[PDB]
Structure formats: structure tokens, C-alpha cells
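One protein chain, two forms: both are listed below as C-alpha cells, the first as structure 1 and the second as structure 2.
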Structure 1
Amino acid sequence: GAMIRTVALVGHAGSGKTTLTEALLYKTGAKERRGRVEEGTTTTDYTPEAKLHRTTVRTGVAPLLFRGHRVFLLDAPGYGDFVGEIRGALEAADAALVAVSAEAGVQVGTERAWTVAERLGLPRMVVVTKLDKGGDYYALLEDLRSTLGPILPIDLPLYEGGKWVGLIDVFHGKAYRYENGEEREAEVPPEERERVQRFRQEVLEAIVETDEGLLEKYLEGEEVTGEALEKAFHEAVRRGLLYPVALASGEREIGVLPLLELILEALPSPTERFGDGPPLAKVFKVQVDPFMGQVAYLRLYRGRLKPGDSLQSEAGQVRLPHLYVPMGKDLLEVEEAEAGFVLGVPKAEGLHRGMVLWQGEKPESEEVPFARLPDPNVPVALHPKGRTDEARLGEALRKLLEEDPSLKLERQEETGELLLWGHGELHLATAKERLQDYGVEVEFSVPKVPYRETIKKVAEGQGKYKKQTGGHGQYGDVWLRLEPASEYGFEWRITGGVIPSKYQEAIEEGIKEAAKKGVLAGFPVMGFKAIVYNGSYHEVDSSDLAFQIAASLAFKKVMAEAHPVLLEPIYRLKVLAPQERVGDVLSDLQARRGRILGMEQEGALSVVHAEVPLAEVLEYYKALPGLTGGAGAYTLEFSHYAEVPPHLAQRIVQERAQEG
């Protein structure tokens, strides 16, 4: 009684998560009718991006109430594009419910969520959906055992003439059939009894083996009570030693409430994870929905709260005059919150994702769940469409990054572009759409390549600056030798004190400044050693400015005599692709001026290692799917700069010259 559970519902895209969530909200009476993803009427999927793309872009909270018990279910995204929200939902929960389609089995997205849950130390339960589409549940159980390990079948499917109509609860040897979401007990079919019995024996044995007390009794032949077995089961799941497998479909309305009862029976309470104590909470996500302002979503891990209470935070006291539990986009006021609750805090402009809140002694890192977000690796250059957009862009981006810290916004020092980094093509599309929701039209372009320049031969010469302005003049005289080198180097080789040492810093500054814009095509210059070997000064007119200029003039003159050449960045490209698709991958890489370094095999898959010019793969992320039938994956990492083939170089050099 009064039990509470916090659970993240994760799984590969399209595994039936939101549909199950809708069914749970409907069956518990939280809403009048079960909405549908295909009609845009679900509680979770309410933002324009979620509905347009028919996928959960943003985690939705479903605060389920059932017979006085509460399950705060976090309906999370399926696509890796939304890793931010997925990891945030897992961070916020005490267990993971992993949806697996009976048609597809464990998919890449299933494994990703499973792994994150494992690293967080979270118990896991599997719910098998879509069996109505025709799959083999028994083969799926074997596959789950092979891939995930200690699974524990709770349910087996009840069929009538080949049609899936219900559940056989292995433990109790009872069956239930459904007609229009309504359940009635049925008999376990005669032809199924022996198999059902086998599974029951297997389940009993798996549970007994996890408890020293029960294990002792079984070896001796003593009786094991149902109560003892229930407690052992709960304890084993709590420790991640058994993974219950349930069967339910929100589309066919089969096994929905039984799944909720199993969540309560099998998954841990907040007290079982954190113990009792002072309030401990964390902002696991943030929404800045148009016309709503910033709302911070808080998981209360421990403690209890009443309206008017306050929590400490790195930004000072956070008062909560009103407590609200979120249901999708709605905030429902409550009069108390206990550990396990997820709260929605409105007017939360000062509360950011990842912020820890507490009472008493501040927590250290080991006390707060944390799932690191991998850096976004897909860049696009951002451009406001017009005047109105440029004026509104800064604030819209501020809102976008508050809501989604998995994006990275950076001013590319070298090329001058404003870059937005995301986790995939879909991720970036949803960001563009979100900026549009905020009233700003932006366009994405392929980022400019940071070309550079260097020299091929030694050269030397003079840089001199002498002028008089008013009653004070200027004088700088520098002799500079430039030599090709693997890395930058500055050498002071002044002799006889012809230039005082106090001007060394200014001279190096001037060389570095001129090196920012090479003589070949105006790109930063690298790969040279600069030697200052002679020069002169005048006590009166000499200064740092005169020497910075003289040094810059010397650099420009000398680099031009040093046979300058264009360089481009080269990246290491790893591509994982089906064996039958390898030919297209290589064929295409060859057209991208790629250099195959070698290949490895991972099943019918093969890993292709190559080096390719960054300029040939800035949109590789868009082409990979078509080249690998959607099964491919890739990683790009900077390797080194290399001279641009004479043909390309000329055209690039010409382009830069022609305009600018």
C-alpha cells in the first residue's frame, strides 16, 4: 500500500512504448480515451516535432495511479538522435522497462538503452510488444537469453486458433483472454500444459538459486513458501540478477494492467535504492514549450516535500510554493510529493538540466545518478533566414539549448561560422523545427572546410617599418628566415644585441598574426620554423607596434618566396556495413578520395578503416543509410593535414581569390 515506483520505458524506435503508455493511462482512468500515435493524440507525443516525425522526440511523464500505488513512468525516445532524453530518463528512474518488438527482437536501440541502464546499476524488465503481428515468442525468449542473460519468463502467449488473445501466467498456471481490452480467466490449453509446467519449473529454479536461504532448503528437500519465493524474486530483480519478461500490447489492449501489477511486484521502490533520509533530487530534463515558459522536471530520489518547502542548490534556495506532477504537457497540482515522484516546476528559468537539489549535507558525485552524454558529432553551419530571424536568433537558441543540452553551439574561430552540433540528421531537423516554434526561421549549410597553408622551401628576407606621426616616429627592422617544419617553432637568433630581447615577444606576435592569413589563399599557415636572425632598432622610435608590423611584413614577404602550398584536413573514417553492402561503401569511398587502410569482420558485417578528406565527408551521415540499407554506422576523427591535390588546390585557390 502506498508503494511508489519510478520507471524509464526505453527500447528501439517503434517498439510500442508510447502506445503502451497510452494504454496504461487509459486503463487506469487517467484519461478518457486511448489516443493514437498515428493520429497525434497521445499524451507523450505533443510537441510539433514529435507529432510530425511520429516518434518520441521528448520524454513524456505518465504519472500512473493504480489501487493507491503510483508508478511514475517516463516514456522515452527510441532513436539515438535523442540520446540526451533517453539517458536523462534512465538517470531519473530506479529501473528500466525495455520494450522489445516480437517481430524484430533485440535491436541496436534496445542494446544502447540496456547498456546505459546497466552502467547506472538499474534493474531491467522486458516487455514484448507486437506479438499480434505474427512472431515466434519462444524463439524470442531463447534469443533474449542469448543476448541479455538471466531472463525470467513471467508470461507465455495464449493463442486461440493461431490468434494471440491473451496471457498464460507461468507462476500461477492460470490463463487470461482478452476481448476489447477486457480480461476473463481462461483454461491453459491441454496441449500447452507440459510446456507451461517446464517453464514454471525453470522460473522457480532460477529464483531459488539467487537466495541462499531458499537454495539451502531446495538442496535438502524442504518446502519453499510462496511468500519466500516472492521476496527472493523481488530481491533478485533489485540486484540485477534476473530480468522478468512480460507480454503486453497497448494496440491489442492485452496484458496492460497485469504489466502494471508486475512493475509493482518486481521493480524496486526509491527506499530500496536510496534508503530514507533528507530530500535529494535532480533536474533530469527541461522543456521550454511555446507559451509555457521554462519547466524543470525533477526526480525526487529521497525524502518528502510539501507545498512551501525549499531545496538547496548550487544557485541558492529553490522554493516550491506549489507542487505539480506532469502528465505529458499538463501540470497537475498535488499536496505532497514522496520519493519516486517526478515534479514539474514552472517559471523555472533558473533551473537547468543536471542540477542537483537537496536538504542537509550536499551530495558528492557517488550519491547522485549520472549518465554522461556523448558529444554531438554532426555539424551544420547556422544562418538566420532574414532580418527578423537574426534579431530573434540569440534568444531562440538560448531556449533551444536549455531544453536540449545534447546540442552544442560554437563559433568556429577559424572559419567564422556559427556551428550547431547534433546527434544525427533527425536530431538536427527537430532543432530547426523547434527554432521555428520559437518564431525563428534558420537554415543549415555544410560547414566550410578549415583549409590551411604551409611552405615547401626555405626563404629569408627583411621586414621593415619606419614612419613618423606628429612628433613621434616608428621604427622596426626584422630579418626573418622561414623553413618548412613539422610543427611551429620560433627561434631568436639575434646576435650583438642588434635588437633588444624586450622586443622578442612583439616580433613573435607579429609573425603569429600574419600567419593567420597565408599568401596562397588566405588560410592559417602552419608547418614552419620562424628564425629572427638580424635586424636593428633605434632607442627613440622603436616600439612593440613597429616591431609587430615589421615582423608581419617580413612574414608576408618571405612566405611568398617559400613555395606555399594548400593543405586540407584528413580524417580517419571507420565504417561498419553489411557484407553484401561493402562493395557500394568502398565504391563510394573511392569516389570521396578515400584511402582504404584495411578491413575487419564482425559476423556478416565488416569494419572498413579509411582516411578521407574532411571535404569529401561533411555529409557522409546523410549518405550512409542508403549505402548500407540503413544498417551502417560510422565514426569520423581528425587525423592530420595533407597537401591538396594540385587540381583541387588550384580551383580552391581560385575560388578564394575570385571573391573575398
Structure 2
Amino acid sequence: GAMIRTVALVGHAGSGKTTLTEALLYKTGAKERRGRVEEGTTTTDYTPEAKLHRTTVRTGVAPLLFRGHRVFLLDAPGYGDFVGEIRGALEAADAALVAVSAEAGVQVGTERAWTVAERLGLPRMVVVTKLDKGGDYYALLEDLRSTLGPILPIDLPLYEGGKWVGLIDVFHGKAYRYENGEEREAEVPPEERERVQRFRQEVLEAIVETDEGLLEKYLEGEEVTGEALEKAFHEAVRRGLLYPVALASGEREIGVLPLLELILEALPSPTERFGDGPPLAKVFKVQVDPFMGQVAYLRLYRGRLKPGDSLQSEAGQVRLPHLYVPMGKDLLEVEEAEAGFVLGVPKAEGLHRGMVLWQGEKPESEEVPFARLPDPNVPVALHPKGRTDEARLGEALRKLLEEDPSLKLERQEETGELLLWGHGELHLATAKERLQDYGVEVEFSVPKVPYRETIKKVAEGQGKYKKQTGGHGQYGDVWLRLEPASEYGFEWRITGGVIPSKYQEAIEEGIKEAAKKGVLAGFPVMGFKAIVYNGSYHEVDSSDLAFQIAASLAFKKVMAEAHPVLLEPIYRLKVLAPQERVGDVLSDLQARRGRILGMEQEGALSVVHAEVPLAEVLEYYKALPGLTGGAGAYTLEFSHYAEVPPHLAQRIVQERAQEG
């Protein structure tokens, strides 16, 4: 009676998620006509980026109304590039509907969605799409069984002359065919009956075994009622003990409403997950429309709300004079909201992704669903195209990051460049396009490498600053010795009190400042001991400034005779390529001045450890997926610095010097 469900539709790119979402919206009456991704007419993919790349860049909300029941379906993206939106959609749902292309089977995007859902403690259901494009359903079920585990087949495909035309409801022993956008009951083909009965028995047994009460009856001799089985089934799915497997296609228009009925029957309600109590909500995503402003998307996990109500938040009281349910980019006004509802809050400049909202006692960390986002690992130096852009780029980035916090903006300490980190070439491309939607043109470039300097031999020298400008003068005198070393260190070796200990901080600051720009090529210096072993001061003219200057003057003089050497960053790779996709990964590193460190070949997938310079893998994200059959992801992490091979070393030194 007036049930509610919040479900995240996830899965690998191209598994027919958005097409299924369109079919659901159309078949329920929420939409006049079902659009197509190819034509850019769907409810989910409305932003310029989504339509341009023909992929779900942003999670779309599809509020489904069916016979009084409500299913708030979140149509999430498929590519790992949009992990931010994917993980947020799962954080917002009480269960995951995982689409699996029949012709491809479980893919990388399937495993990632599945794992995040499992960690969030969410029930899982699988929907098999694209059976009309090919694939063997029965072999697919076996693969899902061996890969996912306790799957539970709900549907089997109905075939007519080799053509997929419908489905067979295993449990009820009924078949349905579709044609002209119409569902009709059909007979279970004679040749299929024995197999269908086998699946039915296995389904009955799988459900009975998860319920102690039913296992007692089945054993005691008592009868198992249909209502008893339904309850056991629902509870088993709620606890993640069974994973229903449905068959549906928005393109072929097969099993669409049946999938909705199954969602209501199999997946849990907000109450079965959080129980009843005061309002509890969370902003799981944010959209910043170029014209409409910021809109916050909230998931109400518990409680009820009416227009005029308010919620507490870390940012203070949040009034909601108007309640809106989102449907794509549109906000539909409602007169009330119950747990399970997904709401859209306009003019939400003060609400950000991750903020918890509540009434009553403030929730503690464990009471709210949370899925951490991996740090973005693809950097690109950012540059406004021109004048106006450079000026509007500040506000444009603010909006971009509010809407997509999976993107990180940083200022390289050494290089000084403004870097934007994303999760892939595609993610960054959408970021670029989005900035353009905000009226700003930018261009990317490979980040400048943060080269460093060091010394190879010991050297000593004096640094002295003595001048008199005005009333009093300044005096600083320092003797410095530089020693090559693995780690930087300041060593105060002053004796006889020739320099008071109070100038130690100033002297070190001077050494550090000068070290910001080496003598060899103007890069930061590292790996050296700075030893202050003698000097002098004047009680009258000595000061921190004088010694900082004296110390700096000494560093530059001394480093010039310590045999400078140019260093470069060196990272370690941890590639993950399939069985025969290893002879292509270890073949690529050779052109990148690499070095193998190990290879964990276990079963099918075998890890491939390595070590390679940073200057050689700045755009290795534009290659790995195209060599590991796309079923592999590269990993780059800082290891240590090293001397730039004499060849390049000289080359690089020349450039930096050439101009300034």
C-alpha cells in the first residue's frame, strides 16, 4: 500500500541503463514519448556533455509512479571517469539495480558498482539487457553464479524462431510476449517446460534455505504458503543473501513494467533499512545550472516533510517552503515528502555534496551512508584562453567544483602551475566543456615536471652582508659547508658563541630560501647538509634580516662549487593487465626508461610492478587502456628523485637557462 523504493541503476557503460530508464518513465506516464540516447532526447542525459559524448555524465533522477507506489530510480553513469556521481547515487539509494549487457557479461564497470554497493551494505539485483544483440542467457547465468554468487533467476527468455520476444516468469510458470509495445500472455513452450521447472525448484530451495522458519516447516512437514515464500524472498534480498536476476530491454520494450513490479517486491523500503524516526537526509549531489543557479539533490533516508518545514545542517537551518522532486533537469513540486524521496532544493548555494541534514539529535558517522571517493589522478595544467577568461575563470571553477567535487584544483608548490586533477581523459574533457557552459574558455597542457637540484661534492665558503643605510647598519657573517646527503638537514656547529643561538632560525630560513632556486638550473635544491660552523655578529648592527641575507649569499656561493646535479621525479607503476596483455605492458615501459620490479600472476589477472620517470608518463593515461584491452588500469605513485641522464640533463639545463 503506497510503497516507496530508492534504487540506483548502475553498471558498465553501454549496458542500456538510460534506455531502460526512458522506457520506465514512458510506460508509467511520466513522459509523453520515450526518447533515445542517439537523438539526445532522454530525461537523464540533458547536459551538453552527456549528449555530446553519448554517455551519462551526470546521474539523472527518474521518479516512477506505479499504482500508488513510488520508485525513485537514480540513473547513474557507467564510466569510471564519473565515479563521483556513481558513488553518490549508490550513497543515496537503499539498493542497487545492476544492469548487465548479455553480449558482454560482467565487465569492469559491473564489478566496481557491485563492490561499492556491497561495502555500503546494499541489496543487489541484476537486470540483463541487450539479449537481442546476442549472447547465451543460460551461460550468462552460470557466469554470474560463479562470479557474483547466490544469484536467483526470476526470468528466462521467451524465444520464437530464434528471436527474443519476451520472458518466462519462472516462479509462476507463465510466459509473456511483447509486440507493438504491448504485453500479452503466451504459453511456456513445450520444449522449455522441463528446464523451467528445474529453475523453479532451485528458486524455491534457495529461498527456503535462507529462512529458518520455512526450513523448520519444510522439515517438520508443514505447508509453505505463497505469502510465506514472498516474505522469505524479500527478507533474503534485504540481507543480501540472494540477488534476483531479471531480464528487460528498453530498446526492445520487453519486461519493463515487470522489472518495476519486481523492484517493489524484491528491494527494501527506507523503513526496512533505517526504521522510523525524525528526518534524516543527505545532499548526495549538486548541479550548478549556468542560468538557474545551484540546485541541491537530497535523499531523505527517514522521516516526513511538508512545505514550510526546516532541517538543521552544519551550515545552519535549511528552510524548505517548497518541496520539489527532480525528473531530469526539471523540478516537480509536491505537497509532501516521505522517506525514500529524492528532493531538489533550488537556490542552494549554501548546500554542498556530503552535507547531512536532520531534525532532533544530530547523527553520528555510522548512522549516515558514506562512500569515499578515490583521489583524482590525472593532472593537466590549466590556462585561461585569454583576457576575459582569465578574469571569469575564478568563479567558473568555483561552480565547476561545487557540482563536481571529484575534480581537485591545486597550485603546484614548485612549478607554480594551476593544476586540475580528474579521473580520466573523458572526465577532464567534460570538465573543459562544462567550464565553457559557464562562459569560460580554457586549454589544457601537460604539467611542467618538478625537477630538482642537488650536490655531488663538499664545499665551504663565507657569506657576509655589511651595509649602513640610514641611522643604523646591518651586519651578518656566516661560514657554510655543504655536504651531499640523502636527506636535507641543518647542522648548527657554531662555537665560542661567535654567533648567538637566537640567529639560528634566521640563518636556516636564509638557507632554505636560497635553496628554492638552485645554481645549476633554478630548481629547488635537496639532499644536502647545511653546516654553519663559524661566523660573527655585532651587537649593534646584526639582525635576523642581515643573517638571512648572509646565509642566502653563502648558500649560492657554496653550491656553485659543490658540483651541482639535476634530478627528476621517479614513480612506481602497479599496472593490472590480463593474461596475454602483459607482453604489451612490459613492452611499452622500455620506451619510457622503465624497470621491472615484479609480477604477481595469480589465476587470470596478473599484477605488473615497475618503476619509471615522471617526465615519461605524464600522458600514460592516454595509452594504458588502449594496451590492456581496456580491462586494465595503470597506477602511478611517487618513489624518489634521481639524476637526469646526462643526455637530457644537459638538454633541460640549457632550456631553463636559455631564457628567464
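Only the largest set of C-alpha atoms that superpose within 1.5 Å between the two forms is called the rigid core. Here, a residue number simply tells you its place in the sequence of structure 1, counted from 1.
**Q** Scan 627, 64, 57, 615 for the one whose CA shifts by 2 Å or more between structures 1 and 2 after superposing the rigid core, and name it.
**A** Spelled out, the residue whose C-alpha shifts by 2 Å or more is 627.
**Q** Would residue 529 count as moving between structures 1 and 2, using a Cα shift of 2 angstroms or more after superposing the core as the test?
**A** No, the C-alpha moves less than 2 Å.
**Q** If you line up the core, does residue 581 shift 2 angstroms or more at its C-alpha between structures 1 and 2?
**A** Where the cores coincide, residue 581 still shows a C-alpha shift between structures 1 and 2 that is 2 Å or more.
**Q** Aligning on the rigid core, do we see the C-alpha of residue 598 shift 2 angstroms or more between structures 1 and 2?
**A** The answer is yes; the displacement is at least 2 Å.
**Q** Given the rigid core as reference frame, how large is the C-alpha shift of residue 181 between structures 1 and 2? Answer in angstrom.
**A** It moves 2.1 Å at the C-alpha.
**Q** Could the core-superposed CA displacement of residue 447 between structures 1 and 2 be given in angstrom, to one decimal?
**A** So the C-alpha of residue 447 has moved 0.3 Å between structures 1 and 2.
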